[PDB]
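What follows is a short report on a single structure.
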Amino acid sequence: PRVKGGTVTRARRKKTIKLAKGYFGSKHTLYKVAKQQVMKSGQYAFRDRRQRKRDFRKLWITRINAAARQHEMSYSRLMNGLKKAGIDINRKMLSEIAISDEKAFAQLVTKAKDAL
Amino acid sequence: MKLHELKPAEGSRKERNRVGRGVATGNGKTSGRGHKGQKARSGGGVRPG
Amino acid sequence: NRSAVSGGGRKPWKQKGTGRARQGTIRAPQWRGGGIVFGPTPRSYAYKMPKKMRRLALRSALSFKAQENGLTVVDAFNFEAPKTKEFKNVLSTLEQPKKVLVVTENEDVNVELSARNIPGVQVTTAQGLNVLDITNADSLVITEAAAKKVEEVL
Amino acid sequence: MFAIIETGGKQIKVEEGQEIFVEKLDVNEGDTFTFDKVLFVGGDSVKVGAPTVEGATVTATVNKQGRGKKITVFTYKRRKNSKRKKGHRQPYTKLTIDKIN
Amino acid sequence: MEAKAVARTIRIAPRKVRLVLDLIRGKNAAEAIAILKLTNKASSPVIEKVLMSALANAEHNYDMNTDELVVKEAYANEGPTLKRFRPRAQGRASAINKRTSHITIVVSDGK
Amino acid sequence: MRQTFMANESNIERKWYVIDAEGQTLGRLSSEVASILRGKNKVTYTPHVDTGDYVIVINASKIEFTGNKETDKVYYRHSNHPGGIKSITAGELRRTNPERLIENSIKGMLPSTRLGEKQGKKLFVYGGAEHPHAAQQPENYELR
Amino acid sequence: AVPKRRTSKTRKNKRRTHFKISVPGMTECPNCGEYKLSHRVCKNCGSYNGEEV
RNA sequence: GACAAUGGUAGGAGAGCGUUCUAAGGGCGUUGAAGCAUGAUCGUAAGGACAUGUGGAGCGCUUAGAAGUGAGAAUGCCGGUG
RNA sequence: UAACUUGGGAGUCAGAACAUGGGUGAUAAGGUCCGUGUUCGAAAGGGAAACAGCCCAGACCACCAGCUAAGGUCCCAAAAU
RNA sequence: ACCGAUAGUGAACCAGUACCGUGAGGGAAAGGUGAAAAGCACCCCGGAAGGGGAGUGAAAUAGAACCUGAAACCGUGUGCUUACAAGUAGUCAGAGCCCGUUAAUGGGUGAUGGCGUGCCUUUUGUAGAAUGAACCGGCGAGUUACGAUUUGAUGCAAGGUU
Ligand SMILES: [Mg+2]
Ligand SMILES: [Mg+2]
Ligand SMILES: [Mg+2]
Ligand SMILES: [Mg+2]
Ligand SMILES: [Mg+2]
Ligand SMILES: [Mg+2]
Ligand SMILES: [Mg+2]
Ligand SMILES: [Mg+2]
Ligand SMILES: [Mg+2]
Ligand SMILES: [Mg+2]
Ligand SMILES: [Mg+2]
Ligand SMILES: [Mg+2]
Ligand SMILES: [Mg+2]
Ligand SMILES: [Mg+2]
Ligand SMILES: [Mg+2]
Ligand SMILES: [Mg+2]
Ligand SMILES: [Mg+2]
Ligand SMILES: [Mg+2]
Ligand SMILES: [Mg+2]
Ligand SMILES: [Mg+2]
Ligand SMILES: [Mg+2]
Ligand SMILES: [Mg+2]
Ligand SMILES: [Mg+2]
Ligand SMILES: [Mg+2]
Ligand SMILES: [Mg+2]
Ligand SMILES: [Mg+2]
Ligand SMILES: [Mg+2]
Ligand SMILES: [Mg+2]
Ligand SMILES: [Mg+2]
Ligand SMILES: [Mg+2]
Ligand SMILES: [Mg+2]
Ligand SMILES: [Mg+2]
Ligand SMILES: [Mg+2]
Ligand SMILES: [Zn+2]
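See below:
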């Protein structure tokens, strides 16, 4: 028996195009260039899930550095002091504390300085 | 057994392999022939012996 | 195939210089209207198995009926003229399911003609018994002489 | 008043009545969970664990055991006829913080 | 209330027709009529007949007051293209698209 | 659980500072000022928004170099015309346009992005000891 | 010379930004009230400058 | 429960998705089938539902069978349109 | 924690750089030909500005958690003015 | 367990026709209103074409290559956005604005930041300035027969089999 091309092709291509929704011009319209872009999007997203952890740790560290400097202490010495004090609060929590309640952060800074 | 519940003996049947139907199969494109040379050609390959 | 499709003999345009892809016949497989690559070609699908296995299959189908209680033995069919309505009544009195295989020792013209028009009722002889019919049927109605004959044969 | 709790290999800053999403806990919806690793207590009275505040606890109610939004993990290596597509939904537990300590 | 008229398969390219439609879109009927009369383009008379037909069925079919009507919509869609050829040098032929337009005019009383 | 604070225009507060270039080393003052302009000294630093402060640099003409930079550090530019290189020594530039000297040194330490350009626009340099921004009520800022 | 790359819809429409015609230079004829081209005889009534043509 | 492995081209091995047709069984459909369109749906993938609009008469599902069974590229063929 | 034997199926027979032992060339070549090792090929991630072949290191998936490698910590740009 | 209008004959149709060639010869494209023609009386704009009503019809949004009616491509309107900016066009992060769903730790848009040189082929090595593709759709490539061998399955077994 003969199997004509049928509907599968259009269904598959339409799925790719819908995933290409929002893209510029032909890239949200034509299957070949949409497919290519969706491939690039997948590769980029896989890479960027990992890069995002780097990025947010970097941000937290920058903010902690700024807070420590406000307390006359470098980021490096503050982290060394917290380690020697046995305090395991991670960078994200430290940043959020520094932002939200400065007195708590000042007490942590004094704990670090005492440990050093 | 019933005509709506037929079952071949375990291990008696195996789906045939179809080459040149996309990369995921592992036999797409060159269809298991590798790249170029006489052995890659339709009707290619030397006489036995 | 490309040989079979009409025409196609000539090269549609010269090998080089025109700027087109090179082509050798308008009936090549990538051409609309071209010859088919492979495809169906007349052949038989029949094959054989050993005789002992054929016999084992027939016995297995009959044994499945007997163990599922879809085996009914009748003394005889005393039909002198064909009458679909009489045969329908006989089936109903025997309390048979929709799909019944009726087995006669030999060709019984009147039984065959009476059962012929009844959906789901198939009539065969002891010699004509086959796995498809037995398996397709929900119950077998076999005359005593047919049952003995089948027993002898298998 | 807020607390730093440790759970699912992470740390979360929580206040009472806050909804939080964490790595799947071994609990049923409706149950009460108790976080026994409190690193820090902020607010009026500050308590600094070294590493954990002794005796400190945070109780919460399990609202939901869900699965996160579908991620399509797709990768390929150009010119190598080589790609891989997988789906992923990360389990999670949603809770509401009832009481700190 | 709205009245519509359509001229289908006018043998003028839609680009050209739309040049003129862009002048009358959204204007009052009388000003549009004047613009079409005084615009020196091939499609102006055709567009004018479409507009007058729309005003006519506004008045007759819907008893609208024609002196309060505005050209609510005016557009040209592509009709089927006549395919032609021009012999060029050295035995070659080159395509000629004789394009057509479906011209729609819709007038409205705004109510 | 995502909990990182993100600054935005509703909650950003930009202050005005004054920094005295007199007796300061060009590059060191410049790096510090760039930090201030980018907002790297704020605990609410957020990379995609301008959280930095405004800086006025006074006494740009009194900035100093080490070594022989006065005659040996050369600033080159190109007019995009064939053979269109023009040069000026750091000392000559300090004499004739100290504002540009400080501005360019600082702006070379900011990213070449739209946000970087915006942040560099918050810098004001003056060769003398006066500035025209008393309305902004700037505070003196001590380096380091 | 030939186009190295086809022209996108965006680029084409940008180029066509200025490709258009204007409303004719027209005013109401003081005689008959119908629009006319300024400095032209009015075709409706054949009048110009208060006289018939 | 534990803890061990899981980059990959040619290529080997395995398990599957989907298409048309057939058999048997069991179902749907003018109170609206297929097809088409849209959607914020489900599955580890190929892919599967549901709702609504359009459409106007055919089509699923289960088990097994059989193949003209899956396209993005061949200066591929044909048509349409830039 | 492999190794070997028998049998079914292959592909490959253009290799490259780097280090090092050598021939050739001119103690020329991103040269060429052998020996030995690694990497690329068929390897993504971090460093070397960018940079197959160099340095670190081998990506089952998810995380806005922690420790490190090479390399780094004045600003671009994370971390010692 | 053959095709179903690019399939099946080249030809479902006035096809060995049209068309091309001096000639031998080569050789297409092109099916579908509706159950019924009931195939739109009449009015209106217009020279006509075409259209708006009215009517027939279950349906005209079935009105003549008239079932369905994808995509490329062409228009109209609009929610968000854009005229100091260097863009393989996405991705990750993200205010503001506009919405409100298969109700899900929603949808549309996107100031601004990080990262980021298409795909295929062929190569030691390709963003490659090596090849190929204007776009979209359809069509387009390990098949079958008979032998051989090996493996799995099944029957029987010093026998097995026509
Ligand atoms: Mg196809
Ligand atoms: Mg990491
Ligand atoms: Mg294989
Ligand atoms: Mg397989
Ligand atoms: Mg492989
Ligand atoms: Mg092979
Ligand atoms: Mg090849
Ligand atoms: Mg080769
Ligand atoms: Mg080979
Ligand atoms: Mg060409
Ligand atoms: Mg054919
Ligand atoms: Mg693997
Ligand atoms: Mg095929
Ligand atoms: Mg060499
Ligand atoms: Mg060589
Ligand atoms: Mg070597
Ligand atoms: Mg290779
Ligand atoms: Mg690498
Ligand atoms: Mg890098
Ligand atoms: Mg691994
Ligand atoms: Mg820093
Ligand atoms: Mg068929
Ligand atoms: Mg069709
Ligand atoms: Mg034909
Ligand atoms: Mg035909
Ligand atoms: Mg139709
Ligand atoms: Mg602007
Ligand atoms: Mg491919
Ligand atoms: Mg080469
Ligand atoms: Mg290229
Ligand atoms: Mg070539
Ligand atoms: Mg090309
Ligand atoms: Mg195409
Ligand atoms: Zn007049």
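Protein sequence lines, in the order shown, are assigned to chains A, B, C, D, E, F and G.
Using this note's numbering, the letters of the first sequence correspond one by one to residues 57 to 172.
Using this note's numbering, the letters of the second sequence correspond one by one to residues 2 to 50.
Using this note's numbering, the letters of the third sequence correspond one by one to residues 85 to 238.
Using this note's numbering, the letters of the fourth sequence correspond one by one to residues 16 to 116.
Using this note's numbering, the letters of the fifth sequence correspond one by one to residues 619 to 729.
Using this note's numbering, the letters of the sixth sequence correspond one by one to residues 1040 to 1183.
Using this note's numbering, the letters of the seventh sequence correspond one by one to residues 302 to 354.
Think of the CB as a built atom: it goes at the ideal place given N, C-alpha and C, for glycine as much as any other residue.
Original post:
Out of F:1080, F:1111 and F:1062, which has the shortest C-alpha to C-alpha gap to residue 1053 of chain F?
Top reply: F:1080
Original post:
So does residue 123 of chain C have its beta carbon nearer than 7 Å to some heavy atom of ligand 11?
Top reply: no
Original post:
Mind checking whether the beta-carbon of residue 117 of chain C lies closer than 7 Å to any heavy atom of ligand 11?
Top reply: yes
Original post:
Do the segment 112-130 of chain A and the segment 1078-1092 of chain F meet, that is, are 3 or more Cβ pairs less than 8 Å apart?
Top reply: yes
Original post:
Does the beta carbon of residue 1 of chain B come closer than 8 Å to any beta carbon on chain C?
Top reply: An answer regarding residue 1 of chain B cannot be provided, because it is not within the stretch 2 to 50 covered by chain B.
Original post:
Between residue 723 of chain E and chain G, is there a C-beta pair that is closer than 8 Å?
Top reply: no
**OP:** Consult DSSP for residue 723 of chain E and reduce its assignment to one of helix, strand or coil.
**Re:** If DSSP states are grouped into helix, strand and coil, residue 723 of chain E belongs with the strands.
Original post:
Which residues of chain D have a Cβ atom closer than 8 Å to the Cβ of residue 1040 of chain F, listed in chain order?
Top reply: Going along chain D in sequence order, the residues near residue 1040 of chain F (Cβ under 8 Å) are 25, 27, 35, 36 and 37.
Original post:
Of all the alpha helix (DSSP H) runs that stay within the bounds of the segment 1106-1130 of chain F, which reach a length of 4 or more residues?
Top reply: 1108-1111
**OP:** Could you list the residues in the segment 94-109 of chain A with a C-beta less than 7 Å from some C-beta on chain D, going in chain order?
**Re:** 95, 98, 99 and 102
**OP:** For the beta strand (DSSP E) containing residue 39 of chain B, list its first residue and its last residue.
**Re:** Unbroken run through residue 39 of chain B: none, as it is neither H nor E.
**OP:** Drop a sphere of 10 angstroms on the beta-carbon of residue 129 of chain C, count the other beta-carbons inside from all chains shown, and report buried for 16 or more, exposed for fewer.
**Re:** By the 10 Å Cβ count, residue 129 of chain C comes out exposed.
Subject >> Rounded separation between residue 152 of chain A and residue 165 of chain A - CA only >> reply: 14 Å
Original post:
Would you say the segment 1152-1168 of chain F touches the segment 1092-1110 of chain F, given that touching needs at least three Cβ pairs under 8 Å?
Top reply: The segment 1152-1168 of chain F is in contact with the segment 1092-1110 of chain F.
Subject >> Given residue 703 of chain E as reference, the closest of E:696, E:713 and E:691 once Cα atoms are compared >> reply: E:713
Original post:
Could you give the uninterrupted runs of the beta strand (DSSP E) lying entirely in the segment 35-61 of chain D, keeping only those of 3 residues or more?
Top reply: Secondary structure in the segment 35-61 of chain D: the beta strand (DSSP E) runs of 3 residues or longer, each lying completely within the stretch, are 47-50 and 53-57 in chain order.
**OP:** Mind checking which residues open and close the alpha helix (DSSP H) that includes residue 1163 of chain F?
**Re:** That residue, residue 1163 of chain F, is in no alpha helix (DSSP H); its beta strand (DSSP E) goes 1162-1164.
Original post:
For residue 630 of chain E, which residues of its own chain have a beta-carbon under 8 Å away from its beta-carbon, when the five flanking residues on both sides are left out?
Top reply: 660, 661, 664, 717, 718 and 719
Subject >> Residue-level contact to chain A via CB, residue 1043 of chain F, 8 Å cutoff >> reply: yes
Original post:
Does any C-beta atom of chain B lie closer than 8 Å to the C-beta of residue 214 of chain C?
Top reply: no
Original post:
For residue 69 of chain A, which residues of its own chain have a beta-carbon under 6 Å away from its beta-carbon, when the five flanking residues on both sides are left out?
Top reply: 87
Subject >> Cross-chain neighbours of residue 154 of chain A in chain F, by beta carbon under 7 Å >> reply: 1082
Original post:
Considering residue 90 of chain D, what are the terminal residues of the beta strand (DSSP E) in which it resides?
Top reply: 86-92
Subject >> Any C-beta of chain G under 8 Å from that of residue 656 of chain E >> reply: Cβ-Cβ to chain G under 8 Å: yes for residue 656 of chain E.
Original post:
Is residue 715 of chain E helix, strand or coil when you go by DSSP?
Top reply: strand
Subject >> Per-residue DSSP class, three states only, for residue 17 of chain D >> reply: If DSSP states are grouped into helix, strand and coil, residue 17 of chain D belongs with the strands.
Original post:
In terms of residues, what are the limits of the beta strand (DSSP E) holding residue 201 of chain C?
Top reply: Where residue 201 of chain C is concerned, there is no enclosing beta strand (DSSP E), given that its DSSP letter is neither H nor E.
Original post:
Do you know whose CA, among A:171, A:129 and A:155, lies nearest residue 139 of chain A's CA?
Top reply: Measuring from the Cα of residue 139 of chain A, the nearest candidate turns out to be A:171.
Original post:
Do the segment 89-107 of chain D and the segment 46-66 of chain D touch if we need at least three Cβ pairs shorter than 8 Å?
Top reply: no
**OP:** Look up residue 70 of chain A in the DSSP assignment and give the residues it is bridged to.
**Re:** Per DSSP, none; premise fails for residue 70 of chain A.
Original post:
Once you ignore the five residues that flank residue 233 of chain C on each side, which residues in its own chain have a CB closer than 6 Å to its CB?
Top reply: 189 and 210
Original post:
Listed from N- to C-terminal order along the chain, which residues in the segment 324-345 of chain G have their beta-carbon within a distance smaller than 8 Å of any beta-carbon of chain E?
Top reply: Answer in chain order: 324, 325, 327, 335, 336, 337 and 338.
**OP:** Consult DSSP for residue 97 of chain D and reduce its assignment to one of helix, strand or coil.
**Re:** Here residue 97 of chain D sits in strand by DSSP.
Original post:
Under a CB-based cut-off of 8 Å, is residue 321 of chain G close to chain E?
Top reply: yes
Original post:
Does residue 117 of chain A have its Cβ less than 8 Å from a Cβ in chain D?
Top reply: no
Original post:
So, are the CB atoms of residue 339 of chain G and residue 327 of chain G less than 8 Å apart?
Top reply: yes
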